[PDB]
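# Structural overview for review
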Amino acid sequence: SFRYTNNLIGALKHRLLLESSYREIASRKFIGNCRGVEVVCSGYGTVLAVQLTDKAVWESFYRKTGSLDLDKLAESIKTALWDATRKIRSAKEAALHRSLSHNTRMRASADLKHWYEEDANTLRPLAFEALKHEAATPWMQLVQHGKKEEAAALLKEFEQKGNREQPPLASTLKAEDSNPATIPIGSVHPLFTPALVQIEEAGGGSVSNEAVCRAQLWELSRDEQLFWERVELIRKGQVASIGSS
Amino acid sequence: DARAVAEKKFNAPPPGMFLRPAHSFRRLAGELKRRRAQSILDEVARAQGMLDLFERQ
Amino acid sequence: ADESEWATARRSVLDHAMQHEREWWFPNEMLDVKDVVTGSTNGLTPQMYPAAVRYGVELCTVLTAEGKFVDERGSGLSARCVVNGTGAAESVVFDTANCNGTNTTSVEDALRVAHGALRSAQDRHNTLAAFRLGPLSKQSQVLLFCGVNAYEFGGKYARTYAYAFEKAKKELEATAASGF
Amino acid sequence: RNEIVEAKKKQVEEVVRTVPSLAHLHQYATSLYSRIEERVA
Amino acid sequence: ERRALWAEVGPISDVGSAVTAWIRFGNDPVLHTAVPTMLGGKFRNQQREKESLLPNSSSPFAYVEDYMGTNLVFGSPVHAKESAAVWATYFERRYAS
Amino acid sequence: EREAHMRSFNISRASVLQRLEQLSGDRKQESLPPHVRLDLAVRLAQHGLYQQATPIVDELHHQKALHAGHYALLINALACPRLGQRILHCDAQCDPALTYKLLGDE
Amino acid sequence: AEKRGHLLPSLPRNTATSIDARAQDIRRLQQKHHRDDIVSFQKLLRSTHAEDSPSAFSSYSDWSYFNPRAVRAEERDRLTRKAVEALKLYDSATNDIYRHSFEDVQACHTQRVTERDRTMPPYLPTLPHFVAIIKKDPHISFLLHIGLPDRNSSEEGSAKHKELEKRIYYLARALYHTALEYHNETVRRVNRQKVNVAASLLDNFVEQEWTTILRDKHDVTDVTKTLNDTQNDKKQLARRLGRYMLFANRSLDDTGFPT
């Protein structure tokens, strides 16, 4: 007994560690170099800056007199970007292995490795959904991460009051957003997030104990009337008396 | 003719299923699905008959 | 965009979308949405739904987008970049045929062109994936928001999913995975 | 033609003033279109 | 019983909370509104409709009805009388039983 | 005892990451002395956070601030002897061969 | 022929869209050999020919006059596929117009959709699933991006890339066909040999280019020790990568099959 409830706790611990680590990867810089060429990316794979460290010493290698190489430089940008993107995918595998190591010692999560079978191509942050998450406004990044009490205050100051070396989600996702206790029930799973928000509060991020108990109590009134309408169908009771003509 | 007198009587379904009411979203989209896909099946067999006609069958 | 602006570019877009972007616009029966009304009910199966999202995520990871950038500071530097779905680049090439006057371009100017060619190609992949995975995720939200009573966490079982969510939080709070 | 395009222009501006979140999304669209659109020079 | 009482608010009450929900679902207001709408294998073109009494919206939430083809909320008056005729027929047969 | 060791490692790793975020945020343009960055890279690599320490090592090697002992200190810290204690007391169940077998996964 | 065609251009006839010598050579490669759609996902997984012409070989300007059955086969199969999709559009509509009883749909909602067992698992093997696993290899991801020369720069870099993409889609399609015929044991012993010949094709090509880009870079000798760089390079990432784990050496679970 209780095989569903004990397996749902182990799955939500896997989802909370994969959500709190996605907010750690996305608000981080991933710098790759090949030959003095600092290509800086964020967790979403967007190139933040294509720099050059120490322009004085690295000018003679690309012969800036002479003409520009544009093949030694082109192979140096592509190598530094390929080295920066694999550090993102190596950090997602470190995020998945740490998510199971906190779970396979408690609820034997080796089967969740089989029941999900996730890798760096499928683990978030995905690089082809980088436009709507990184290029969004700071209010839109607060509603995409399930922070309702901080986006309502940022919307109020919108009403009455009126080579970037930082990832665009570092302002939204701080160090305190890596805690799973702050993660709401709506955004713990991006697959079922249109449906898990009705469990959540209207104004807050926690679970509404009144609306969750109301959804069960409506089912309990329907299923009880389905019960006693079938007891009448299956087994009839004793018939009262009349007088025959 | 049999489809006409069956449709005029409801103002044929599969046996285990019922009929959705008119002016509903799924029935109007389904009848539009049947109306367009019927017109594809007439023009496919007609244009393929032009292929057999000019092949001198 | 005006209809006059599309008509002069209608030939040059559709032959490029058939030659280079064929796999982006080829109809795939798991991903495409044929009806906006009965897409969530008839087309998308709620058991086949998490496998189709995984099918779409794995598809855009291996595909190919392209983007160009021309230097706005007078130089005729043109860079074309080919970007996968992981964010990496497959080919970075510079074009010097537009600029005949040379030896006035520093290495900081050439990195600024390549930064614009990567930013254009990565945003090209993010917009192509937003039209391949676009209508499937729109029919997903109709199936899930209006179909909570068909799923394991709606109705009378919403109290269990909320109980398992709070119980998963205290087991991370007992260790320092949450309180730190 | 000019009577309809101002009929929608005042229709949009009544929508923006009633919903303050939609005023924020108009600023998102202009900042996003500055990034995606191919520049002409 | 004392914690859970009557509620007429719903999960989404007003349009201002619906905009906050529509972005939380994973949608881009520029990209995910620019998708073309296909109805019967044929795309809807320039908002041109010929004898079509379906509502015109790129949002798939506009076509949500019951499983029985019933829309007693936000429905057209020719459909809302036909939606109320289904449940008045079903509950006649159910309660006379 | 296993939960206590896990709690201790998570608290120490959170302290190291908070120190890194403090030295990266507040010291944006003020260049740090090289030994503070060396100690930070050592403490980052010891806790299994090798990706957060390699730009510090690239900057310290590019400034020619690293010497003979500092490179051996960084490579010895790259073997993570603080994650190894958690894998010892929690994951490997104190089998010292299983620590070498399980540290290859991270 | 081009003078008579340009005088009546609005006449929508059976289109050819090529020249007289161009369509003769296009019909030559079509009726004597099969087309190469190996690098495509949807077209190759549903690749099926409804007819074939084997015991017939005539001049293609005269084969339309001699045997018009084989030269009219392509657009007849196009109308065949157009007949199926209209019927698939027709069968999808009967679930839209017709509905079950209300007590039937009440019985479905007693058995809720559970993510663990009731849903179809998301890790089911598809064709782009095997291309993503085979490109997750750090030696193949090296040769795709920076190991080979760029396909846009040189003409030999595109020849090495198309050969690399040919053998990637060889092994990915053989692993895709193995999962489809995995329920029976007769073809499964055959499909295991289809994988081993397709894996050894790519393992021969990767180990050919890995010996190429190491030995040829041994002759360039770019000296950057005076630059005091971060020691990243084309060779110095290839020699720091491990030994190439051969795809013929791997089992099925190492090439994407679930355990």
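Residues numbered from 1 in each chain as written, not as in the entry; some residues may be left out. Chains lettered and ligands numbered in written order. Part of a larger assembly, values for the part shown. Heavy atoms only, no water. Residues with missing side-chain atoms left out of burial classes, pairs and counts.

This entry, as listed in the PDB, derives from cryo-EM and reports a resolution of 3.1 Å.

## A word on the overall build of chain G
Stated precisely, the cut-off is as follows: Per the convention used, a helix needs a DSSP run of H or I reaching at least four residues, while a strand needs a run of E reaching at least two, with both numbered from the N terminus. Every radius of gyration here is taken over C-alpha atoms, with the globule rule written as 2.2 Å times N^0.38, N being the number of residues. Contacts between residues were defined by any pair of non-hydrogen atoms, one from each residue, lying within 4.5 Å.
Assigned secondary structure in chain G consists of 13 helices and 1 strand. The N-to-C order of helical and strand elements in chain G reads α-α-α-α-α-α-β-α-α-α-α-α-α-α. A globule of 259 residues ought to have a C-alpha radius of gyration of about 18 Å, yet chain G, at 26 Å, is considerably larger. Nonlocal contacts in chain G, meaning residues at least 24 apart in sequence, comprise 72% of its contacts between residues at least 6 apart.

## Comments concerning the pattern of salt bridges
Two side chains with opposite charge may pair up if their charged atoms get near one another. Definition in use: What counts as a salt bridge is simple: a side-chain nitrogen of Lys or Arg found within 4 Å of a carboxyl oxygen of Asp or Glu. Partly exposed describes any residue whose relative accessible area lies between the buried limit of under 20% and the exposed limit of over 50%, with all areas from a 1.4 Å probe on protein chains only and scaled to the type maximum.
The tally for this structure, following the rule as stated, stands at 48 salt bridges over all chains. We note a salt bridge from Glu 171 of chain C to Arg 107 of chain A, for which the minimum N-O separation is 3.2 Å. A residue pair is termed interchain when its members come from two chains, as with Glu 171 of chain C in helix α9 (residues 158-174) and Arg 107 of chain A in the loop between α2 (74-101) and α3 (110-116). Assessed through its relative accessible area of 27%, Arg 107 of chain A is described here as partly exposed.

## Thoughts on the nonpolar core
Across soluble globular proteins, you tend to see nonpolar side chains buried next to one another. This is how it is decided: For our purposes a nonpolar core is just a set of buried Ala, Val, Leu, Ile, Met, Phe, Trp, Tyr and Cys residues, chained together by side-chain atoms within 4.5 Å.
Within the largest apolar cluster, 83 residues are counted, with the highest numbers of intra-cluster contacts made by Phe 142 and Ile 168 of chain G. In this view, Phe 142 of chain G contacts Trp 82 of chain A together with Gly 147, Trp 210, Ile 213, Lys 234, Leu 237, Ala 238 and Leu 241 of chain G; residues no more than four positions away in its chain are not counted. One finds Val 37, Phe 61 and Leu 73 of chain A together with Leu 111 of chain C within the second-largest nonpolar core, a separate group that totals 35 residues.

## Considering the sheet that holds strand β3 (residues 89-95) of chain C
All names here are of chain C. Quick note on the threshold: Strands pair, by our definition, only if DSSP identifies at least two bridges between them. Working convention: axes come from line fits to C-alpha atoms, limited for helices to the stretch in contact. Angles between N-to-C directions cover 0 to 180 degrees.
If you trace the 3 strands from one edge of the open sheet to the other, you get β1-β2-β3, paired in antiparallel fashion. Where the open sheet ends on each side, the last strands, each with one partner, are β1 (65-70) and β3. Looking at each pair of strands side by side, their axes are set apart by 15 degrees on average, direction ignored.

## Let's talk about helix α6 (residues 73-97) of chain G
Put simply, the rule reads: Here the expected span of a helix is defined as 1.5 Å times the quantity of residues minus one.
Given a rise of 1.5 Å per residue, 25 residues ought to cover 36 Å, and the 36 Å separating the end C-alpha atoms of α6 of chain G matches this to within 8%. Residues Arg 76, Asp 77, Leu 79, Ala 86, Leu 89, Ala 93, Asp 96 and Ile 97 of chain G constitute the buried set of α6 of chain G. On its buried side, α6 of chain G packs onto β1 (18-19) and α2 (25-54) of chain B, α5 (39-43) of chain C together with α5 (68-71) and β1 (98-99) of chain G.

## Overview of the interface of chain D and chain E
When the parts come together, some accessible area is lost, and that loss is often what is quoted as the size of the interface. Note the cut-off: The buried area of a pairing is the accessible area, by a 1.4 Å probe, that goes missing from both parts when the two are put together, added over both. Under the rule applied, a polar contact is a pair of N or O atoms within 3.5 Å (in protein, one hydrogen donor and one hydrogen acceptor; residues adjacent in sequence only if both atoms are side-chain atoms).
Contact residues are listed per partner, giving 7 residues for chain D and 6 residues for chain E. Buried surface at the junction of chain D and chain E, both sides included, amounts to about 570 Å², of which 82% is carbon and sulfur. For chain D, the biggest contributors to the area lost against chain E are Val 19, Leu 25 and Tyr 28 of chain D; these three give 56% of the whole. Summed over the shared surface of chain D and chain E, the result is 0 salt bridges. Our enumeration of links across chain D and chain E arrives at 1 residue pair in polar contact.

## Quick look at the arrangement of the chains
A comparison of contact numbers over the 15 pairs of chains in contact places chains A and C at the top. At their nearest point, the C-alpha atoms of chain B and chain D are still 28 Å apart, with no contact between the two. Here chain D and chain G are not in contact; the least distance found between their C-alpha atoms is 22 Å.

## Concerning the interface of chain C and chain A
So the rule is basically this: All residues other than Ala, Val, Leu, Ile, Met, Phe, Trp, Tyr, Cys, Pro, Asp, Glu, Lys and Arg, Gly among them, are scored as polar; the first ten of these are nonpolar and the last four charged.
Across the boundary between the two partners, chain C contributes 62 residues, which contact 69 residues of chain A. Both faces considered, chain C and chain A share a buried interface measuring about 6,000 Å² in area, 69% of it formed by carbon and sulfur atoms. Counting every contact that joins chain C to chain A gives 3 salt bridges. Between chain C and chain A we count 18 residue pairs in polar contact in total. Those elements giving two or more residues to the side of chain C that touches chain A turn out to be α6 (49-61), β3, α7 (107-132), α8 (134-145) and α9 of chain C. Per-element accounting of the side of chain C that touches chain A gives the leading share, 14 residues, to α9 of chain C. Of the residues assigned to the side of chain C that touches chain A, the class counts are 32 nonpolar, 19 polar and 11 charged.

## What about α7 of chain C?
Taking 1.5 Å as the rise per residue, α7 of chain C with 26 residues should run 38 Å; its terminal C-alpha atoms sit 38 Å apart, in good agreement. The element α7 of chain C is largely enclosed, with a buried count of 21 among its 26 residues.

## Things to note about the state of the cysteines
In plain terms, the rule: Disulfide assignment relies on a single distance test, namely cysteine sulfur atoms paired within 2.5 Å.
Enumeration according to the criterion identifies 0 disulfides over all chains in this entry. Here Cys 41 of chain A is not disulfide-linked; the sulfur of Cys 81 of chain C is the nearest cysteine sulfur, at 12 Å. No disulfide involves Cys 94 of chain F; its sulfur sits 8.5 Å from that of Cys 90 of chain F, the nearest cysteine.

## A few points about the side chain of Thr 255 of chain G
Looking at the element boundaries, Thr 255 of chain G is found in the segment after α13 (234-238). Among the polar contacts listed, one links the side chain of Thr 255 of chain G to the backbone oxygen of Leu 252 of chain G, at a separation of 3.2 Å.

## Considering the sheet that holds strand β3 (residues 47-50) of chain A
Residue and element names in this part refer to chain A. Across the sheet, which stays open at both edges, the 3 strands sit in the order β1-β2-β3 with antiparallel pairing between neighbours. Only two strands of the sheet have a single partner each, and these edge strands are β1 (30-33) and β3. Going from strand to strand, the sheet's axes swing by 20 degrees on average, the running direction of each strand aside. Lying on the sheet, α2 is in contact with β1, β2 (38-41) and β3; it crosses β1 at an angle near 145 degrees.

## Structural notes on the packing of aromatic side chains
Quick reminder of the rule: Two rings from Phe, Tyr or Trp (for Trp, the six-membered ring) form a pair when their centres are within 6.5 Å of each other. A pair whose planes differ by under 30 degrees is stacked, one over 60 is edge-to-face, and the rest are tilted.
Under the counting rule described, the total for this entry stands at 26 aromatic pairs over all chains. Relative to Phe 61 of chain E, the ring of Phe 145 of chain C lies with its centre 6.3 Å away and its plane at 70 degrees, an arrangement referred to as edge-to-face. Here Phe 145 of chain C is found in helix α8, whereas its partner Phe 61 of chain E is found in the loop between α1 (15-24) and α2 (77-96) on a different chain. On the basis of relative accessibility, which here comes to 19%, the residue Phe 145 of chain C falls in the buried class.

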